[PDB]
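In the order they appear, the protein sequences are chains S, 8, 6 and 0.
Quick note on the entry's author numbering: the first sequence kicks off at 38 and runs consecutively.
Quick note on the entry's author numbering: the second sequence kicks off at 94 and runs consecutively.
Quick note on the entry's author numbering: the third sequence kicks off at 13 and runs consecutively.
Quick note on the entry's author numbering: the fourth sequence kicks off at 35 and runs consecutively.
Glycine is no exception: its CB is placed at the ideal position from the N, C-alpha and C atoms.
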Amino acid sequence: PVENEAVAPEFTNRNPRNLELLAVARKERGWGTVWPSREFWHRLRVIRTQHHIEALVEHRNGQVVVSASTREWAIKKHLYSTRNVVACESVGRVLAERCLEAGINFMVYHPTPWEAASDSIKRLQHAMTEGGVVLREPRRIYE
Amino acid sequence: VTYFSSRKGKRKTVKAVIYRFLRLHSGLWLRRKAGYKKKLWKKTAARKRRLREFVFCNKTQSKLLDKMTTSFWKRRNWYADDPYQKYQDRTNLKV
Amino acid sequence: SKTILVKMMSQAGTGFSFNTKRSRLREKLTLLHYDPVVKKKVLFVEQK
Amino acid sequence: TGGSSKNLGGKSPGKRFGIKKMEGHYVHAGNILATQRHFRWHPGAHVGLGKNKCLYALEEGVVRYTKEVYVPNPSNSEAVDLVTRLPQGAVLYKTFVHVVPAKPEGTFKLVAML
RNA sequence: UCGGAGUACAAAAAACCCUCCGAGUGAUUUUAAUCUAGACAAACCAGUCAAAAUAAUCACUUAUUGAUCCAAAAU
Ligand SMILES: [Mg+2]
Ligand SMILES: [Mg+2]
Ligand SMILES: [Mg+2]
Ligand SMILES: [Mg+2]
Numbered sequence: 038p039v040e041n042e043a044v045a046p047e048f049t050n051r052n053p054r055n056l057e058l059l060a061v062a063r064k065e066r067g068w069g070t071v072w073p074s075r076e077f078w079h080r081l082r083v084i085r086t087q088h089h090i091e092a093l094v095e096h097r098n099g100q101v102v103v104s105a106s107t108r109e110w111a112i113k114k115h116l117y118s119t120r121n122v123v124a125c126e127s128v129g130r131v132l133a134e135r136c137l138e139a140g141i142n143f144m145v146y147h148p149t150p151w152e153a154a155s156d157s158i159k160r161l162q163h164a165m166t167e168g169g170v171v172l173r174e175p176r177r178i179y180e
Numbered sequence: 094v095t096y097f098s099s100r101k102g103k104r105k106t107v108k109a110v111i112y113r114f115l116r117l118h119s120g121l122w123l124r125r126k127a128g129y130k131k132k133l134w135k136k137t138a139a140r141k142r143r144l145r146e147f148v149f150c151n152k153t154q155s156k157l158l159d160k161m162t163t164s165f166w167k168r169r170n171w172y173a174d175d176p177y178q179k180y181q182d183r184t185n186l187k188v
Numbered sequence: 013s014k015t016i017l018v019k020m021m022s023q024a025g026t027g028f029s030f031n032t033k034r035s036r037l038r039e040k041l042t043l044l045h046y047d048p049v050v051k052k053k054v055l056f057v058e059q060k
Numbered sequence: 035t036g037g038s039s040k041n042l043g044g045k046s047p048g049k050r051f052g053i054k055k056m057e058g059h060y061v062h063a064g065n066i067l068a069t070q071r072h073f074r075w076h077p078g079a080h081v082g083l084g085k086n087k088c089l090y091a092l093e094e095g096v097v098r099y100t101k102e103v104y105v106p107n108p109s110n111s112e113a114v115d116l117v118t119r120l121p122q123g124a125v126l127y128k129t130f131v132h133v134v135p136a137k138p139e140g141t142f143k144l145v146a147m148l
């Protein structure tokens with residue numbers, strides 16, 4: 038027929054991003070005497086230092102995929118008073134922007150019972166939502 | 094068990110085995126689980142489920158139940174609508 | 013004190029629950045339970 | 035002579051608590067790993083915790099044991115305080131079980147060429 | 001009969017008219033569902049966990065329980 042006709046039975050998809058994006062990948066369902074729950078593809082992590090606000094996105098491998106920190110000269114020069122709720126909104130939607138560019142629309146966030154009531158975090162989550170990024174990771178298919 | 098009867102000289106059957114058990118033609122015997130109608134409000138949903146189920150008996154038992162049953166219950170049976178008829182044959186058994 | 017076995021009746025159909033109750037009667041028995049037939053969440057009423 | 039020994043009911047069977055699978059054992063999804071009355075070993079990656087504190091394997095794999103840092107759930111108060119009063123240099127450690135997945139997650143088969 | 005320690009020091013098991021403590025239920029609220037992989041345990045009978053698929057807690061917590069048959073009941 039054609040010299041290109043041949044295909045072969047089992048297809049290799051070599052990129053690590055694939056199965057996750059298909060939702061058919063693995064999470065680690067487990068731990069559960071410990072905290073936080075380690076079941077996720079992507080975990081939003083927010084570290085509040087007495088000085089700087091830092092926001093990361095992590096893979097269960099520990100790798101830091103996309104981050105927005107204040108000590109970054111970009112956000113540093115554009116605004117005032119790092120510890121402000123305003124600066125948290127800012128880091129929030131900067132990480133939103135950078136997340137869409139990285140094409141990850143889904144991550145999980147596990148704040149602390151006391152943390153979840155503070156303004157900085159509510160505004161982090163609002164910045165995230167308006168950014169278009171969905172928290173509460175989609176379920177696994179045939180778990 | 095009566096090994097030779099009075100009037101016919103045949104071998105009698107124990108009817109109390111015929112009321113609680115079921116013989117498939119493979120030779121597996123099939124029985125209810127003890128205490129399934131008994132004191133339900135005490136037990137967990139889990140235990141209730143475990144109790145409603147039918148189960149299979151080990152070799153020692155099937156063997157014993159066979160000695161208490163005549164040829165007539167070891168017979169091949171085709172019933173109209175027979176639920177268990179799909180279960181009477183053994184498949185893919187490599188011993 | 014004693015423990016009373018009570019039989020709850022669903023609003024709809026033949027669904028019947030069986031459960032235990034307290035002599036002193038801390039909390040009178042009225043439930044929100046699961047009916048199999050309509051596959052629903054129901055109000056179950058304490059009966060005998 | 036009155037021989038009354040005042041003690042009663044020493045007798046119970048043992049519960050066979052202990053470790054069912056050993057490090058480097060192959061496991062199928064659903065096998066109980068170990069069963070304990072108090073937490074001796076905690077569930078790690080791909081190990082589920084039963085309401086009676088059983089540890090069962092979630093994936094198909096190889097069972098591994100590990101010493102890891104222990105960060106109690108902020109909802110569980112006792113452990114929170116135990117973590118609180120420690121001197122400022124020390125962290126807590128525990129033993130965990132893990133399953134290391136063997137089978138790949140799936141395969142892409144060519145069904146039809148149209 | 002049933003469960004915690006010891007005896008039985010670190011996988012399991014393990015005796016006595018051995019040494020010591022317990023249970024033949026309370027207190028709530030949130031009414032804690034179906035169906036099925038794989039398992040622990042186990043002479044047998046009974047006991048235990050539990051993914052996927054559909055739509056109980058506190059009281060050391062572990063023990064709070066009785067098989068057939070036969071009876072009464074309603075579904
Ligand atoms: Mg009664
Ligand atoms: Mg003992
Ligand atoms: Mg003993
Ligand atoms: Mg499920």
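Check                                                                                                                                      : Outcome
Beta carbon of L89 (chain 0) nearer than 8 Å to that of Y104 (chain 0)                                                                     : no
8 Å contact criterion, which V133 (chain 0) and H80 (chain 0) should meet: CB distance rounded                                             : 4 Å
Chain 0 residues whose Cβ lies nearer than 7 Å to that of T149 (chain S)                                                                   : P108
Reduced DSSP category for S111 (chain 0) - H, G, I as helix; E, B as strand; rest coil                                                     : helix
Span of the alpha helix (DSSP H), counted from its first residue to its last, around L59 (chain S)                                         : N55 to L59
Reduced DSSP category for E58 (chain 6) - H, G, I as helix; E, B as strand; rest coil                                                      : strand
contact_flag[the region 110-129 of chain 8, the region 144-152 of chain 8] where n(CB pairs < 8 Å) is 3 or more                            : yes
Proximity winner among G129 (chain S), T70 (chain S), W68 (chain S) and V39 (chain S), relative to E167 (chain S) (alpha-carbon distances) : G129 (chain S)
Residue-level contact to chain 0 via CB, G67 (chain S), 8 Å cutoff                                                                         : yes
Selection from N52 (chain S), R80 (chain S), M165 (chain S) and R75 (chain S) that minimises the alpha carbon distance to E134 (chain S)   : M165 (chain S)
Local conformation of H79 (chain S) per DSSP, three classes                                                                                : strand
CB contact below 8 Å: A146 (chain 0) versus chain S                                                                                        : no
Contacting residues, own chain, Cβ-Cβ under 8 Å from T42 (chain 6) (five flanking each side not counted)                                   : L55, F56, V57 and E58
Residues that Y104 (chain 0) contacts on chain S, provided the C-beta gap is smaller than 7 Å                                              : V71
Secondary structure of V117 (chain 0), DSSP reduced to three states                                                                        : helix
Range covered by the alpha helix (DSSP H) that runs through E102 (chain 0)                                                                 : Here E102 (chain 0) belongs to no alpha helix (DSSP H); instead the beta strand (DSSP E) covers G95 to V103.
Buried versus exposed, by CB contacts within 10 Å (16 or more), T32 (chain 6)                                                              : exposed
Interface flag, residue 182 (chain S) vs chain 0, CB-CB below 8 Å                                                                          : For chain S, the structure presents residues 38 to 180; residue 182 (chain S) sits outside this window and is missing.
Segment limits, alpha helix (DSSP H) that includes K135 (chain 8)                                                                          : Premise fails: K135 (chain 8) is in no alpha helix (DSSP H) and is neither H nor E.
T95 (chain 8) versus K49 (chain 0) - alpha carbon distance                                                                                 : 43 Å
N170 (chain 8) versus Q178 (chain 8), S164 (chain 8) and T163 (chain 8), residue with shortest Cα-Cα distance                              : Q178 (chain 8)
Ligand 5 heavy atom lying under 7 Å from the CB of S46 (chain 0)                                                                           : Absence of ligand 5 from the depicted structure is noted, with ligand 1, ligand 2, ligand 3 and ligand 4 being the only ligands included.
Own chain, CB closer than 7 Å to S13 (chain 6), minus 5 neighbours either side, in chain order                                             : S35 and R36
Chain 0 contact for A153 (chain S) (CB, 8 Å cutoff)                                                                                        : no
Check: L17 (chain 6) C-beta below 7 Å from any heavy atom of ligand 1                                                                      : yes
Cβ separation of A62 (chain S) and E139 (chain 0), assumed to be a contact under 8 Å, to the nearest whole Å                               : 6 Å
Closer than 8 Å to chain 0 by CB, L58 (chain S)                                                                                            : no
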